[PDB]
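Everything on this sheet refers to the single structure shown next.
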Amino acid sequence: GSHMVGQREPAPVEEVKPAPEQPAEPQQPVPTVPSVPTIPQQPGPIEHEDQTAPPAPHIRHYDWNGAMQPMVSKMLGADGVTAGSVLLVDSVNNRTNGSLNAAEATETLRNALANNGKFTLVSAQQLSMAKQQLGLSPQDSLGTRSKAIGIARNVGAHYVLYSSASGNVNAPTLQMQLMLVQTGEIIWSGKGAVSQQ
(Lines give C-alpha, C1' and ligand atoms only; values in the text may rest on other atoms or scores of the structure.)
Protein backbone atom coordinates (compact mmCIF):
# COMPACT_ATOMS: atom_id res chain seq x y z
CA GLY A 1 0.00 0.00 0.00
CA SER A 2 2.94 2.31 -0.64
CA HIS A 3 1.32 5.50 -1.98
CA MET A 4 -1.17 5.42 -4.83
CA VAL A 5 -4.21 5.88 -2.64
CA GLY A 6 -5.21 9.51 -3.10
CA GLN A 7 -7.26 9.72 0.07
CA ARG A 8 -9.94 12.43 0.04
CA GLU A 9 -10.17 13.56 -3.57
CA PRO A 10 -11.51 17.08 -4.39
CA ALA A 11 -14.77 16.68 -6.37
CA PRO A 12 -14.09 17.55 -10.06
CA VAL A 13 -12.44 14.73 -11.99
CA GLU A 14 -8.67 15.03 -12.18
CA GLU A 15 -5.54 12.94 -12.68
CA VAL A 16 -3.32 12.44 -9.64
CA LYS A 17 -1.03 15.47 -9.72
CA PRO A 18 1.04 14.60 -6.56
CA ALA A 19 2.33 11.71 -8.68
CA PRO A 20 4.37 12.23 -11.88
CA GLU A 21 4.29 8.72 -13.32
CA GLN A 22 4.88 5.87 -10.85
CA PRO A 23 3.96 3.07 -13.34
CA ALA A 24 2.43 -0.23 -12.28
CA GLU A 25 5.41 -2.41 -11.39
CA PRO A 26 5.59 -5.85 -13.07
CA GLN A 27 4.46 -8.66 -10.79
CA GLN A 28 6.66 -11.07 -12.72
CA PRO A 29 9.37 -10.20 -15.28
CA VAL A 30 8.94 -13.60 -16.91
CA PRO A 31 6.19 -13.90 -19.56
CA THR A 32 6.40 -17.66 -19.14
CA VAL A 33 3.53 -20.12 -19.21
CA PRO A 34 3.88 -23.56 -17.54
CA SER A 35 2.85 -26.65 -19.45
CA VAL A 36 2.31 -30.21 -18.31
CA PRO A 37 2.06 -32.90 -21.03
CA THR A 38 -0.12 -35.98 -20.74
CA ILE A 39 1.63 -39.20 -19.77
CA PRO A 40 1.14 -41.96 -22.38
CA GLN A 41 -0.09 -45.39 -21.31
CA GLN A 42 3.04 -47.32 -20.36
CA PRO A 43 2.55 -51.10 -19.95
CA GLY A 44 3.34 -53.00 -16.79
CA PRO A 45 5.58 -56.03 -16.05
CA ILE A 46 4.32 -59.39 -17.28
CA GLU A 47 6.69 -61.58 -15.28
CA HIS A 48 5.96 -65.16 -16.33
CA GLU A 49 6.69 -68.14 -14.13
CA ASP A 50 8.46 -71.46 -14.76
CA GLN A 51 5.86 -74.19 -14.15
CA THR A 52 4.07 -74.54 -10.81
CA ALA A 53 5.81 -76.46 -8.06
CA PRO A 54 3.71 -78.31 -5.45
CA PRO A 55 4.95 -77.44 -1.92
CA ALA A 56 3.43 -80.71 -0.69
CA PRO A 57 2.45 -80.78 3.01
CA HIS A 58 3.73 -83.15 5.64
CA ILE A 59 1.98 -86.09 7.20
CA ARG A 60 1.74 -87.38 10.73
CA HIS A 61 3.82 -90.11 12.19
CA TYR A 62 2.80 -93.46 13.35
CA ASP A 63 4.22 -96.03 15.64
CA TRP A 64 4.75 -98.30 12.71
CA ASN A 65 7.52 -99.99 14.62
CA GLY A 66 4.78 -101.06 16.99
CA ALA A 67 3.08 -102.77 14.12
CA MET A 68 5.90 -104.10 12.00
CA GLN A 69 8.29 -105.33 14.68
CA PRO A 70 5.89 -107.93 16.21
CA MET A 71 5.06 -108.99 12.66
CA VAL A 72 8.58 -108.90 11.34
CA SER A 73 9.28 -111.08 14.27
CA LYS A 74 6.58 -113.44 12.86
CA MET A 75 7.54 -113.02 9.25
CA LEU A 76 10.85 -114.65 9.84
CA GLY A 77 9.13 -117.48 11.58
CA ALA A 78 7.03 -117.85 8.48
CA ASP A 79 7.09 -120.73 6.09
CA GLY A 80 9.05 -119.54 3.15
CA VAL A 81 11.36 -117.09 4.80
CA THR A 82 14.90 -117.50 6.00
CA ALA A 83 17.28 -115.51 8.14
CA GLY A 84 19.96 -113.89 6.03
CA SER A 85 17.81 -112.89 3.10
CA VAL A 86 17.70 -109.51 1.54
CA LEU A 87 14.14 -108.52 2.13
CA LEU A 88 12.72 -106.04 -0.31
CA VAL A 89 10.52 -104.11 2.01
CA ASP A 90 7.72 -102.82 -0.14
CA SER A 91 6.15 -99.51 0.41
CA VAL A 92 3.44 -99.71 2.85
CA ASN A 93 0.14 -99.05 1.30
CA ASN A 94 -2.33 -96.58 2.57
CA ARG A 95 -5.63 -98.37 2.11
CA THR A 96 -6.98 -97.12 5.38
CA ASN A 97 -9.96 -94.99 6.23
CA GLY A 98 -7.75 -92.09 5.17
CA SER A 99 -4.27 -90.99 4.12
CA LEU A 100 -0.99 -91.85 5.81
CA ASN A 101 2.67 -91.60 5.22
CA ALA A 102 3.12 -95.14 4.25
CA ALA A 103 6.55 -94.14 3.06
CA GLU A 104 7.26 -93.23 6.62
CA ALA A 105 5.94 -96.61 7.34
CA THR A 106 8.01 -98.13 4.65
CA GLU A 107 11.01 -96.49 6.22
CA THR A 108 9.87 -97.89 9.55
CA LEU A 109 9.53 -101.19 7.73
CA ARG A 110 13.19 -101.30 6.94
CA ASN A 111 13.65 -100.21 10.53
CA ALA A 112 11.57 -102.88 12.16
CA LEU A 113 13.06 -105.24 9.64
CA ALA A 114 16.46 -103.96 10.82
CA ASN A 115 15.85 -104.42 14.49
CA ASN A 116 14.99 -108.07 13.95
CA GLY A 117 18.26 -108.46 12.12
CA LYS A 118 17.38 -111.65 10.23
CA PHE A 119 17.01 -109.71 7.00
CA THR A 120 18.96 -107.49 4.81
CA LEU A 121 17.08 -104.40 4.10
CA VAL A 122 17.11 -102.67 0.80
CA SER A 123 17.39 -98.91 0.68
CA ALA A 124 14.94 -96.53 -0.92
CA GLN A 125 18.00 -95.43 -2.84
CA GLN A 126 17.29 -98.65 -4.75
CA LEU A 127 13.67 -99.39 -3.90
CA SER A 128 11.97 -96.02 -4.25
CA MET A 129 13.89 -95.66 -7.40
CA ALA A 130 12.96 -99.08 -8.68
CA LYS A 131 9.33 -98.21 -8.10
CA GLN A 132 9.75 -95.17 -10.28
CA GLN A 133 12.05 -97.09 -12.62
CA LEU A 134 9.29 -99.49 -13.04
CA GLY A 135 6.57 -96.90 -12.94
CA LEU A 136 5.44 -96.49 -9.44
CA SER A 137 6.17 -94.31 -6.51
CA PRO A 138 8.21 -95.26 -3.42
CA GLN A 139 4.85 -94.87 -1.77
CA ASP A 140 2.53 -96.52 -4.24
CA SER A 141 3.84 -99.85 -3.25
CA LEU A 142 4.55 -102.63 -5.67
CA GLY A 143 0.89 -103.40 -5.72
CA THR A 144 1.62 -106.32 -8.02
CA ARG A 145 3.83 -109.37 -7.51
CA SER A 146 5.59 -108.84 -10.80
CA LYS A 147 5.97 -105.13 -10.04
CA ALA A 148 7.41 -106.30 -6.78
CA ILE A 149 9.50 -108.91 -8.36
CA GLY A 150 10.58 -106.41 -10.90
CA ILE A 151 11.68 -104.06 -8.18
CA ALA A 152 13.08 -106.63 -5.80
CA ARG A 153 15.35 -107.99 -8.51
CA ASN A 154 15.96 -104.46 -9.74
CA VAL A 155 16.78 -103.77 -6.16
CA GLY A 156 18.86 -106.80 -5.25
CA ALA A 157 16.40 -108.54 -3.00
CA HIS A 158 15.51 -112.14 -2.07
CA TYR A 159 12.01 -111.38 -0.89
CA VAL A 160 9.36 -108.72 -0.67
CA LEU A 161 7.58 -107.40 2.32
CA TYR A 162 4.25 -106.25 1.06
CA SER A 163 2.84 -103.94 3.59
CA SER A 164 -0.11 -101.70 3.88
CA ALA A 165 -2.33 -99.92 6.19
CA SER A 166 -6.04 -100.18 6.43
CA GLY A 167 -8.82 -99.83 8.90
CA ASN A 168 -8.44 -96.36 10.13
CA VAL A 169 -5.79 -94.07 8.85
CA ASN A 170 -5.12 -92.28 12.15
CA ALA A 171 -4.35 -95.66 13.54
CA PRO A 172 -4.36 -98.31 10.83
CA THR A 173 -4.10 -101.97 10.54
CA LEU A 174 -0.73 -102.56 9.10
CA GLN A 175 -1.54 -105.28 6.75
CA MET A 176 1.69 -106.95 5.82
CA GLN A 177 2.57 -109.75 3.45
CA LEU A 178 5.86 -111.38 2.62
CA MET A 179 6.04 -112.24 -1.04
CA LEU A 180 8.89 -114.34 -2.13
CA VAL A 181 10.20 -112.40 -5.15
CA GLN A 182 12.05 -115.38 -6.59
CA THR A 183 8.63 -117.02 -7.06
CA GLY A 184 6.19 -114.29 -6.32
CA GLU A 185 4.29 -116.32 -3.77
CA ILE A 186 3.12 -115.18 -0.38
CA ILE A 187 5.12 -116.95 2.25
CA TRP A 188 4.18 -114.78 5.20
CA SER A 189 1.53 -112.24 5.93
CA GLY A 190 0.17 -110.19 8.77
CA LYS A 191 -1.54 -107.13 9.97
CA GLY A 192 -0.92 -105.01 12.91
CA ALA A 193 -2.68 -101.96 14.11
CA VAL A 194 -0.19 -99.15 14.14
CA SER A 195 -0.31 -96.20 16.33
CA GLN A 196 0.06 -92.56 15.75
CA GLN A 197 3.31 -91.09 16.97
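Chain labels A, B, ... are given in the sequence in which chains occur in the C-alpha coordinates; within each chain residues are numbered consecutively from 1, and ligands are likewise numbered from 1 in the order shown.
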
* Please identify all polymer residues within 9 Å of stretch 84-100 of chain A, counting only C-alpha atoms, omitting same-chain residues fewer than 3 positions from it, and present them as JSON, numbers by chain. => {"A": [59, 60, 61, 62, 81, 103, 104, 105, 106, 107, 109, 110, 113, 117, 118, 119, 120, 121, 122, 123, 127, 128, 137, 138, 139, 140, 141, 142, 143, 148, 151, 152, 153, 155, 156, 157, 158, 159, 160, 161, 162, 163, 164, 165, 166, 167, 168, 169, 170, 171, 172, 173, 174, 175, 176, 178, 180, 181]}

* **Residues of stretch 1-119 of chain A in strand (DSSP E or B), written as number ranges by chain** => A: 62-63, 85-92, 119

* To do: May I have all residues of chain A that DSSP, computed from the backbone, assigns to alpha helix (DSSP H), given as number ranges by chain?
  => A: 65-75, 102-116, 127-134, 145-155

For residue A:78, work out the shell of residues within 9 Å, counting only C-alpha atoms and skipping chain neighbours fewer than 4 positions away, then give it as a tab-separated table (two decimals) with N, CA and C atoms, in the first residue's frame.
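Saved to result34.tsv:
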```tsv
chain	number	residue	atom	x	y	z
A	74	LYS	N	7.36	-112.28	13.33
A	74	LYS	CA	6.58	-113.44	12.86
A	74	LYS	C	6.98	-113.83	11.46
A	82	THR	N	13.69	-117.10	5.34
A	82	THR	CA	14.90	-117.50	6.00
A	82	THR	C	15.70	-116.29	6.47
A	178	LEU	N	4.51	-111.11	3.05
A	178	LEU	CA	5.86	-111.38	2.62
A	178	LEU	C	5.82	-112.22	1.36
A	187	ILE	N	4.56	-115.99	1.34
A	187	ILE	CA	5.12	-116.95	2.25
A	187	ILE	C	4.80	-116.58	3.69
A	188	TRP	N	4.66	-115.29	3.93
A	188	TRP	CA	4.18	-114.78	5.20
A	188	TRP	C	3.19	-113.67	4.97
A	189	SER	N	2.29	-113.48	5.90
A	189	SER	CA	1.53	-112.24	5.93
A	189	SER	C	1.04	-111.89	7.33
```

* Nearest to residue A:63 by atom-to-atom distance, counting only C-alpha atoms, from A:19, A:108, A:28, A:6 ->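 Ranking A:19, A:108, A:28, A:6 by distance to residue A:63, first place goes to A:108.
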
* Got a sec: who's within 12 Å of residue A:24, counting only C-alpha atoms, leaving out chain neighbours fewer than 2 positions off, as number ranges by chain? -> A: 2-4, 21-22, 26-28

* Between atom CA of residue A:58 and atom CA of residue A:70, what is the distance, to one decimal in Å? ->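 Those two atoms sit 27.0 Å apart.
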
* To do: Take atom CA of residue A:67 and atom CA of residue A:194 and report the distance between them in Å, one decimal.
  =>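 Computing it gives 4.9 Å between the two atoms.
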
* Asked: Between atom CA of residue A:150 and atom CA of residue A:185, what is the distance, to one decimal in Å?
  ->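 Atom-to-atom, atom CA of residue A:150 and atom CA of residue A:185 are spaced 13.7 Å apart.
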
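The residue that comes closest to residue A:192, out of A:11, A:71, A:16, A:30 and on the basis of only C-alpha atoms, is A:71.
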